[PDB]
file coords_37.txt (compact mmCIF, C-alpha atoms and all ligand atoms)
# COMPACT_ATOMS: atom_id res chain seq x y z
CA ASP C 1 -3.58 37.30 36.08
CA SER C 2 -6.12 34.92 34.54
CA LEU C 3 -4.48 35.38 31.13
CA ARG C 4 -6.64 34.40 28.14
CA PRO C 5 -4.28 33.86 25.15
CA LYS C 6 -6.05 33.72 21.77
CA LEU C 7 -6.12 30.43 19.88
CA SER C 8 -3.08 30.06 17.62
CA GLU C 9 -3.64 29.30 13.93
CA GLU C 10 -2.15 25.87 14.55
CA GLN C 11 -4.41 25.39 17.59
CA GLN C 12 -7.40 26.17 15.36
CA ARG C 13 -6.29 23.78 12.62
CA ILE C 14 -5.95 21.02 15.28
CA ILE C 15 -9.56 21.57 16.46
CA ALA C 16 -10.92 21.70 12.89
CA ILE C 17 -8.97 18.49 12.14
CA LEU C 18 -10.36 16.70 15.24
CA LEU C 19 -13.91 18.06 14.83
CA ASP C 20 -13.77 16.73 11.31
CA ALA C 21 -12.18 13.40 12.26
CA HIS C 22 -15.07 12.80 14.69
CA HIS C 23 -17.73 13.69 12.12
CA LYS C 24 -16.10 11.15 9.80
CA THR C 25 -15.86 8.38 12.38
CA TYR C 26 -19.05 8.75 14.51
CA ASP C 27 -22.53 8.17 12.99
CA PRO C 28 -25.15 9.97 15.17
CA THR C 29 -27.95 8.08 13.36
CA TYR C 30 -26.81 4.54 14.23
CA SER C 31 -27.79 3.13 10.81
CA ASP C 32 -25.07 0.44 10.81
CA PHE C 33 -26.69 -1.43 13.72
CA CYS C 34 -28.96 -3.84 11.81
CA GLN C 35 -25.71 -5.29 10.51
CA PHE C 36 -24.62 -6.35 14.02
CA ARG C 37 -25.69 -9.75 15.30
CA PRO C 38 -29.19 -9.25 16.77
CA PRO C 39 -29.70 -8.26 20.42
CA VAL C 40 -31.12 -11.10 22.55
CA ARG C 41 -32.67 -10.17 25.88
CA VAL C 42 -33.55 -13.33 27.90
CA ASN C 43 -35.56 -13.10 31.15
CA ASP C 44 -34.03 -12.82 34.65
CA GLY C 45 -34.23 -10.44 37.63
CA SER C 46 -28.44 -14.23 37.87
CA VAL C 47 -24.68 -14.46 37.22
CA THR C 48 -25.16 -18.17 36.41
CA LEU C 49 -27.94 -17.67 33.83
CA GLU C 50 -26.14 -14.64 32.40
CA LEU C 51 -23.00 -16.69 31.79
CA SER C 52 -25.06 -19.64 30.58
CA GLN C 53 -26.80 -17.76 27.77
CA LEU C 54 -24.50 -14.74 27.14
CA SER C 55 -27.44 -13.47 25.11
CA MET C 56 -26.33 -9.87 24.66
CA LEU C 57 -22.63 -10.65 24.09
CA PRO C 58 -22.57 -11.05 20.27
CA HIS C 59 -24.52 -7.80 19.78
CA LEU C 60 -22.42 -5.73 22.19
CA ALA C 61 -19.25 -7.49 21.03
CA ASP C 62 -20.09 -6.42 17.48
CA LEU C 63 -20.94 -2.94 18.78
CA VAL C 64 -17.62 -2.58 20.60
CA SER C 65 -15.66 -4.09 17.69
CA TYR C 66 -17.35 -1.70 15.28
CA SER C 67 -16.45 1.18 17.61
CA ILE C 68 -12.83 0.10 17.92
CA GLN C 69 -12.60 0.36 14.13
CA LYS C 70 -14.09 3.87 14.44
CA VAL C 71 -11.62 4.87 17.18
CA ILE C 72 -8.70 3.51 15.08
CA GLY C 73 -10.00 5.71 12.24
CA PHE C 74 -10.18 8.62 14.68
CA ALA C 75 -6.58 8.18 15.94
CA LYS C 76 -5.12 8.10 12.40
CA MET C 77 -6.40 11.71 11.86
CA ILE C 78 -4.94 12.96 15.15
CA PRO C 79 -2.18 15.46 14.23
CA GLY C 80 1.07 13.87 15.38
CA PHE C 81 -0.34 10.36 15.55
CA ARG C 82 1.14 9.21 12.22
CA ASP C 83 4.57 10.60 13.28
CA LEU C 84 4.79 7.80 15.87
CA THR C 85 6.30 4.38 15.19
CA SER C 86 3.41 2.13 14.24
CA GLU C 87 4.40 0.12 17.34
CA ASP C 88 3.56 3.03 19.66
CA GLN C 89 0.40 3.42 17.59
CA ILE C 90 -0.73 -0.15 18.31
CA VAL C 91 0.14 0.15 22.03
CA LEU C 92 -1.62 3.48 22.47
CA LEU C 93 -4.70 2.18 20.67
CA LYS C 94 -5.04 -1.13 22.46
CA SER C 95 -4.70 0.40 25.93
CA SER C 96 -7.14 3.27 25.30
CA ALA C 97 -9.70 1.62 23.02
CA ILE C 98 -12.06 0.73 25.90
CA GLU C 99 -11.59 4.22 27.45
CA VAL C 100 -12.28 6.10 24.18
CA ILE C 101 -15.34 3.88 23.72
CA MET C 102 -16.58 4.83 27.18
CA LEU C 103 -15.75 8.49 26.31
CA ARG C 104 -17.48 8.48 22.91
CA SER C 105 -20.57 6.52 24.00
CA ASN C 106 -21.63 9.61 25.99
CA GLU C 107 -23.11 10.92 22.73
CA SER C 108 -25.73 8.15 22.94
CA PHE C 109 -26.01 8.12 26.72
CA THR C 110 -29.15 9.88 27.99
CA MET C 111 -30.02 11.08 31.48
CA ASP C 112 -33.72 10.53 30.75
CA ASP C 113 -33.62 6.80 31.70
CA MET C 114 -29.92 6.32 32.35
CA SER C 115 -29.47 4.45 29.07
CA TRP C 116 -27.44 4.53 25.90
CA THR C 117 -30.05 5.00 23.15
CA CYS C 118 -29.08 4.22 19.58
CA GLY C 119 -32.56 3.32 18.49
CA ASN C 120 -35.55 2.67 18.79
CA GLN C 121 -36.06 0.29 21.68
CA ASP C 122 -34.01 -2.52 20.15
CA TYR C 123 -30.77 -0.54 20.47
CA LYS C 124 -31.45 0.94 23.91
CA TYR C 125 -28.82 -0.28 26.47
CA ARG C 126 -29.22 -0.30 30.24
CA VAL C 127 -27.39 -1.87 33.21
CA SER C 128 -29.34 -5.12 32.67
CA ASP C 129 -28.33 -5.64 29.00
CA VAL C 130 -24.73 -5.21 30.01
CA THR C 131 -25.16 -7.77 32.76
CA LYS C 132 -26.69 -10.03 30.08
CA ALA C 133 -23.30 -9.77 28.27
CA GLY C 134 -21.60 -11.26 31.36
CA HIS C 135 -20.45 -8.18 33.29
CA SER C 136 -21.09 -7.39 36.94
CA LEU C 137 -22.20 -4.22 38.80
CA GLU C 138 -18.62 -3.42 39.89
CA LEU C 139 -18.01 -2.12 36.35
CA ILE C 140 -21.55 -1.20 35.23
CA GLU C 141 -22.62 1.03 38.12
CA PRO C 142 -19.41 3.12 38.12
CA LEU C 143 -19.58 3.39 34.31
CA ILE C 144 -23.08 4.91 34.66
CA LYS C 145 -21.75 7.28 37.36
CA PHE C 146 -19.03 8.36 34.98
CA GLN C 147 -21.55 8.84 32.18
CA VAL C 148 -23.67 11.21 34.26
CA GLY C 149 -20.47 12.93 35.52
CA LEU C 150 -19.45 13.52 31.90
CA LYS C 151 -22.89 14.67 30.62
CA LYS C 152 -22.92 17.33 33.39
CA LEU C 153 -19.57 18.84 32.36
CA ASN C 154 -21.57 19.99 29.26
CA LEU C 155 -18.63 19.74 26.90
CA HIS C 156 -18.51 21.62 23.65
CA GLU C 157 -17.84 19.09 20.94
CA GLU C 158 -14.39 20.76 20.64
CA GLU C 159 -13.67 19.69 24.21
CA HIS C 160 -15.20 16.27 23.50
CA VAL C 161 -12.83 15.50 20.61
CA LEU C 162 -9.72 16.93 22.35
CA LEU C 163 -10.48 14.89 25.47
CA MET C 164 -10.61 11.74 23.30
CA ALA C 165 -7.43 12.69 21.40
CA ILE C 166 -5.65 13.40 24.70
CA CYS C 167 -6.79 10.03 26.10
CA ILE C 168 -5.40 8.18 23.06
CA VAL C 169 -2.04 9.95 23.12
CA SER C 170 -1.15 9.26 26.78
CA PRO C 171 2.61 8.85 27.29
CA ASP C 172 2.16 6.82 30.48
CA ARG C 173 0.86 3.56 29.04
CA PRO C 174 2.31 0.08 29.69
CA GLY C 175 4.74 -0.64 26.81
CA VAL C 176 5.34 2.71 25.06
CA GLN C 177 8.76 3.28 23.48
CA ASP C 178 8.98 6.99 22.79
CA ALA C 179 7.11 8.58 25.73
CA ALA C 180 8.98 11.84 24.96
CA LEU C 181 7.41 12.14 21.50
CA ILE C 182 3.98 11.01 22.70
CA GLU C 183 4.13 13.46 25.63
CA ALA C 184 4.89 16.21 23.07
CA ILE C 185 1.77 15.43 21.01
CA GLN C 186 -0.31 15.31 24.22
CA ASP C 187 1.04 18.63 25.48
CA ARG C 188 0.10 20.22 22.16
CA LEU C 189 -3.41 18.85 22.57
CA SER C 190 -3.79 19.92 26.25
CA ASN C 191 -2.47 23.37 25.45
CA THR C 192 -5.20 23.47 22.82
CA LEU C 193 -7.80 22.27 25.37
CA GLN C 194 -6.65 24.56 28.20
CA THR C 195 -6.65 27.52 25.77
CA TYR C 196 -9.94 26.61 24.07
CA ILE C 197 -11.69 26.46 27.48
CA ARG C 198 -10.32 29.90 28.47
CA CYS C 199 -11.50 31.69 25.29
CA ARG C 200 -14.72 29.96 24.33
CA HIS C 201 -16.44 28.54 27.41
CA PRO C 202 -19.22 30.36 29.33
CA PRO C 203 -19.38 31.58 32.11
CA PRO C 204 -16.39 31.15 32.92
CA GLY C 205 -15.70 31.48 36.60
CA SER C 206 -15.10 27.75 36.10
CA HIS C 207 -12.13 27.11 33.86
CA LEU C 208 -12.08 24.49 36.68
CA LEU C 209 -13.43 22.44 33.77
CA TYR C 210 -9.88 21.47 32.74
CA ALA C 211 -9.16 19.86 36.16
CA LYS C 212 -12.52 18.06 35.97
CA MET C 213 -11.69 16.76 32.49
CA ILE C 214 -8.30 15.47 33.61
CA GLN C 215 -10.15 13.85 36.51
CA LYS C 216 -12.33 11.99 33.95
CA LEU C 217 -9.14 10.57 32.41
CA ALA C 218 -8.28 9.22 35.82
CA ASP C 219 -11.80 7.69 36.31
CA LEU C 220 -11.22 6.01 32.91
CA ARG C 221 -8.01 4.16 34.02
CA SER C 222 -10.11 2.65 36.83
CA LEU C 223 -12.88 1.47 34.59
CA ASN C 224 -10.20 0.20 32.25
CA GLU C 225 -8.59 -2.03 34.92
CA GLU C 226 -12.05 -3.21 36.05
CA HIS C 227 -13.21 -3.93 32.51
CA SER C 228 -10.03 -5.85 31.85
CA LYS C 229 -10.51 -7.80 35.12
CA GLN C 230 -14.03 -8.74 34.03
CA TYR C 231 -13.09 -9.41 30.39
CA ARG C 232 -10.62 -12.03 31.71
CA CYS C 233 -13.52 -13.75 33.51
CA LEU C 234 -15.67 -13.91 30.34
CA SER C 235 -12.73 -15.40 28.49
CA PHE C 236 -12.97 -18.35 30.97
CA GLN C 237 -16.53 -19.07 29.80
CA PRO C 238 -16.38 -21.92 27.24
CA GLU C 239 -17.54 -21.13 23.59
CA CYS C 240 -17.22 -17.46 24.42
CA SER C 241 -14.63 -16.53 21.78
CA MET C 242 -17.13 -17.37 19.05
CA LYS C 243 -19.47 -14.74 20.60
CA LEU C 244 -16.79 -12.09 20.20
CA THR C 245 -14.81 -10.79 17.19
CA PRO C 246 -11.15 -11.29 16.05
CA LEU C 247 -10.60 -7.57 16.91
CA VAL C 248 -12.19 -7.61 20.40
CA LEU C 249 -10.05 -10.69 21.11
CA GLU C 250 -6.71 -9.15 20.25
CA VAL C 251 -7.45 -5.76 21.86
CA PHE C 252 -8.46 -7.27 25.23
CA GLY C 253 -6.78 -10.73 25.41
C1 LIG C 301 -19.81 1.93 21.96
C2 LIG C 301 -20.67 2.93 21.85
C3 LIG C 301 -22.00 2.93 22.49
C4 LIG C 301 -22.28 2.55 23.76
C5 LIG C 301 -21.33 2.08 24.77
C6 LIG C 301 -21.73 1.27 25.76
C7 LIG C 301 -23.17 0.79 25.85
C8 LIG C 301 -23.24 -0.73 26.11
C9 LIG C 301 -22.18 -1.27 27.09
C10 LIG C 301 -20.76 -0.77 26.80
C11 LIG C 301 -20.24 -1.30 25.45
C12 LIG C 301 -19.72 -1.00 27.90
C13 LIG C 301 -19.29 -2.46 28.16
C14 LIG C 301 -19.13 -2.66 29.67
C15 LIG C 301 -18.07 -3.02 27.39
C16 LIG C 301 -18.21 -4.54 27.22
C17 LIG C 301 -17.34 -5.10 26.09
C18 LIG C 301 -17.00 -6.59 26.18
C19 LIG C 301 -18.27 -7.43 26.17
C20 LIG C 301 -16.11 -7.00 25.01
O1 LIG C 301 -16.28 -6.84 27.40
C21 LIG C 301 -18.62 0.05 27.66
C22 LIG C 301 -19.31 1.19 26.88
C23 LIG C 301 -20.78 0.75 26.82
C24 LIG C 301 -23.18 3.39 21.65
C25 LIG C 301 -22.82 4.58 20.76
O2 LIG C 301 -22.68 5.77 21.55
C26 LIG C 301 -21.53 4.33 19.99
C27 LIG C 301 -21.83 3.18 19.03
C28 LIG C 301 -20.87 3.06 17.86
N1 LIG C 301 -20.95 4.18 16.90
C29 LIG C 301 -21.96 4.93 16.43
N2 LIG C 301 -21.42 5.82 15.56
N3 LIG C 301 -20.02 5.60 15.48
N4 LIG C 301 -19.72 4.55 16.35
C30 LIG C 301 -20.37 4.13 20.99
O3 LIG C 301 -19.09 4.03 20.35
call {"tool": "encode", "arguments": {"input": "coords_37.txt", "output": "structure tokens", "more": "lines below"}}
Ligand SMILES: C=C1/C(=C\C=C2/CCC[C@]3(C)[C@@H]([C@H](C)CCCC(C)(C)O)CC[C@@H]23)C[C@@H](O)[C@H](CCn2cnnn2)[C@@H]1O
result
Amino acid sequence: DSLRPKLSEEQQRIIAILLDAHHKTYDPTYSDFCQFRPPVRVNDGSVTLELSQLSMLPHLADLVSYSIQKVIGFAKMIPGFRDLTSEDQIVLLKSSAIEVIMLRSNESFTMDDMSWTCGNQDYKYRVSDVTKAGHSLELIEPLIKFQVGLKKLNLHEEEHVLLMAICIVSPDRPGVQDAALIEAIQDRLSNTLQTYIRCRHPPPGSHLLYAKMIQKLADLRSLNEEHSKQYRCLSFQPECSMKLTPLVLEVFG
């Protein structure tokens, strides 16, 4: 009855490994940003103008690209991940990249003004800047909802990295070969999450936290399909590919 098994020595190594992977792949100081193509914020309080200028696209496109590289880094240090055929590594990455980016961006997302703040001012990102990169409310509003949703779970960083690992190693992705193997890696990770929550999370009356976390992985598949729907529509804008990166192109095209 409400059993609380102690963390195995393997389960601990996994956390340590993931905690460390994240420290090595996420820069909380945002010092690489001046390297990205500069943010341009034109005036408007218009889908037409947005698509005409695409003023924020090269900055955000660089930002996402940069992050994909970071996520790729992250995945490589996931225990199990290198044991997969590099083909199941590509598939799992490409189909989760946008989700892990939405997951990881929560570190910069603040409930003070409902923005991602990586700054200073210049690297603050709100609904409007994302519109300025050619996306519509149908993605941007629900993404903000999900951000708040996630902030309120109040995840320990341990839960944050596991959640991201779990998301990457999902056996039910279009095109995976060895779902059996991938499902084994995931189970190992969820068992670590489920157990970690039970030992180390206050109160807890609410270990309900695990169900809520799995629910976030569902919300993510939605935003993923929506993002991909909208990405398609940007691709139709002429001269757009030059505003992107070779990496953003392959991952989403
Ligand atoms: C990507 C990240 C950040 C924010 C994420 C945002 C804010 C702007 C808007 C973003 C990029 C959404 C867009 C709707 C995605 C659009 C991509 C496109 C234009 C290619 O379709 C999805 C996630 C959103 C900021 C920050 O938390 C992180 C920046 C990168 N970083 C820092 N240290 N290590 N990596 C995070 O990965």
call {"tool": "residues_around", "arguments": {"input": "coords_37.txt", "residues": "residue 160 of chain C", "least_positions_apart": "4", "cutoff": "10 Å", "atoms": "only C-alpha atoms", "output": "list in words"}}
result
residues 18, 19, 22, 103, 104, 106, 107, 150, 154, 155, 156, 164, 165, 193 and 213 of chain C
call {"tool": "residues_near_ligand", "arguments": {"input": "coords_37.txt", "ligand": "ligand LIG 301 (chain C)", "cutoff": "7 Å", "atoms": "only C-alpha atoms and all ligand atoms", "output": "PyMOL selection string"}}
result
chain C and resi 25-28+30+57+60-61+63-64+66-67+70+98+101-102+104-109+116+118+125+130+133+135+139-140+227+231+248
call {"tool": "closest_residue", "arguments": {"input": "coords_37.txt", "among": "C:131, C:12, C:224, C:147", "to": "residue 49 of chain C", "atoms": "all atoms listed in the file"}}
result
C:131
call {"tool": "atom_distance", "arguments": {"input": "coords_37.txt", "atom1": "atom CA of residue 141 of chain C", "atom2": "atom CA of residue 222 of chain C"}}
result
12.7 Å
call {"tool": "closest_residue", "arguments": {"input": "coords_37.txt", "among": "C:253, C:97, C:211, C:216", "to": "residue 74 of chain C", "atoms": "only C-alpha atoms"}}
result
C:97
call {"tool": "closest_residue", "arguments": {"input": "coords_37.txt", "among": "C:234, C:161, C:17, C:249", "to": "residue 71 of chain C", "atoms": "all atoms listed in the file"}}
result
C:161
call {"tool": "atom_distance", "arguments": {"input": "coords_37.txt", "atom1": "atom CA of residue 93 of chain C", "atom2": "atom CA of residue 175 of chain C"}}
result
11.6 Å
call {"tool": "residues_near_point", "arguments": {"input": "coords_37.txt", "point": "(-9.3, 38.8, 28.9)", "cutoff": "9 Å", "atoms": "only C-alpha atoms", "output": "number ranges by chain"}}
result
C: 2-5, 198-199
call {"tool": "atom_distance", "arguments": {"input": "coords_37.txt", "atom1": "atom CA of residue 40 of chain C", "atom2": "atom CA of residue 56 of chain C"}}
result
5.4 Å
call {"tool": "closest_residue", "arguments": {"input": "coords_37.txt", "among": "C:187, C:157, C:219, C:50", "to": "residue 171 of chain C", "atoms": "only C-alpha atoms"}}
result
C:187
call {"tool": "residues_around", "arguments": {"input": "coords_37.txt", "residues": "segment 84-87 of chain C", "least_positions_apart": "2", "cutoff": "10 Å", "atoms": "only C-alpha atoms", "output": "PyMOL selection string"}}
result
chain C and resi 80-82+89-93+175-178+181-182+185
call {"tool": "write_last_selection", "arguments": {"input": "coords_37.txt", "atoms": "C-alpha atoms", "output": "PDB file, keeping the file's coordinate frame"}}
result
ATOM      1  CA  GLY C  80       1.070  13.870  15.380  1.00  0.00           C
ATOM      2  CA  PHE C  81      -0.340  10.360  15.550  1.00  0.00           C
ATOM      3  CA  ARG C  82       1.140   9.210  12.220  1.00  0.00           C
ATOM      4  CA  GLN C  89       0.400   3.420  17.590  1.00  0.00           C
ATOM      5  CA  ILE C  90      -0.730  -0.150  18.310  1.00  0.00           C
ATOM      6  CA  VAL C  91       0.140   0.150  22.030  1.00  0.00           C
ATOM      7  CA  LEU C  92      -1.620   3.480  22.470  1.00  0.00           C
ATOM      8  CA  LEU C  93      -4.700   2.180  20.670  1.00  0.00           C
ATOM      9  CA  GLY C 175       4.740  -0.640  26.810  1.00  0.00           C
ATOM     10  CA  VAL C 176       5.340   2.710  25.060  1.00  0.00           C
ATOM     11  CA  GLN C 177       8.760   3.280  23.480  1.00  0.00           C
ATOM     12  CA  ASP C 178       8.980   6.990  22.790  1.00  0.00           C
ATOM     13  CA  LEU C 181       7.410  12.140  21.500  1.00  0.00           C
ATOM     14  CA  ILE C 182       3.980  11.010  22.700  1.00  0.00           C
ATOM     15  CA  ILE C 185       1.770  15.430  21.010  1.00  0.00           C
TER      16      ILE C 185
END
call {"tool": "closest_residue", "arguments": {"input": "coords_37.txt", "among": "C:153, C:240, C:113, C:191", "to": "residue 206 of chain C", "atoms": "only C-alpha atoms"}}
result
C:153
call {"tool": "closest_residue", "arguments": {"input": "coords_37.txt", "among": "C:14, C:37, C:229, C:221", "to": "residue 173 of chain C", "atoms": "all atoms listed in the file"}}
result
C:221
call {"tool": "residues_around", "arguments": {"input": "coords_37.txt", "residues": "residue 196 of chain C", "least_positions_apart": "6", "cutoff": "9 Å", "atoms": "all atoms listed in the file", "output": "number ranges by chain"}}
result
C: 6-7, 11, 158-159
call {"tool": "decode", "arguments": {"input": "coords_37.txt", "residues": "segment 33-59 of chain C", "atoms": "C-alpha atoms", "output": "mmCIF file, in the first residue's frame"}}
result
data_model
loop_
_atom_site.group_PDB
_atom_site.id
_atom_site.type_symbol
_atom_site.label_atom_id
_atom_site.label_comp_id
_atom_site.auth_asym_id
_atom_site.auth_seq_id
_atom_site.Cartn_x
_atom_site.Cartn_y
_atom_site.Cartn_z
ATOM 1 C CA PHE C 33 22.720 34.830 -28.367
ATOM 2 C CA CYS C 34 24.670 37.770 -29.840
ATOM 3 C CA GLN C 35 25.903 35.214 -32.348
ATOM 4 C CA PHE C 36 22.371 34.624 -33.697
ATOM 5 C CA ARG C 37 21.107 36.843 -36.490
ATOM 6 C CA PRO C 38 19.698 39.963 -34.788
ATOM 7 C CA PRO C 39 16.062 40.163 -33.653
ATOM 8 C CA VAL C 40 13.957 42.518 -35.790
ATOM 9 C CA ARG C 41 10.659 43.709 -34.354
ATOM 10 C CA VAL C 42 8.648 45.671 -36.980
ATOM 11 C CA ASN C 43 5.437 47.522 -36.039
ATOM 12 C CA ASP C 44 1.909 46.059 -36.287
ATOM 13 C CA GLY C 45 -1.060 45.454 -33.962
ATOM 14 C CA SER C 46 -1.413 41.368 -39.541
ATOM 15 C CA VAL C 47 -0.844 37.915 -41.079
ATOM 16 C CA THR C 48 -0.028 39.653 -44.385
ATOM 17 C CA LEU C 49 2.606 42.039 -42.968
ATOM 18 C CA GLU C 50 4.010 39.262 -40.773
ATOM 19 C CA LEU C 51 4.554 37.030 -43.794
ATOM 20 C CA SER C 52 5.800 39.977 -45.849
ATOM 21 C CA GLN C 53 8.643 40.898 -43.502
ATOM 22 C CA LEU C 54 9.233 37.677 -41.483
ATOM 23 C CA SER C 55 11.319 39.947 -39.285
ATOM 24 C CA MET C 56 11.755 37.638 -36.306
ATOM 25 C CA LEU C 57 12.254 34.436 -38.334
ATOM 26 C CA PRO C 58 16.079 34.460 -38.761
ATOM 27 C CA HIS C 59 16.605 35.141 -35.038
#
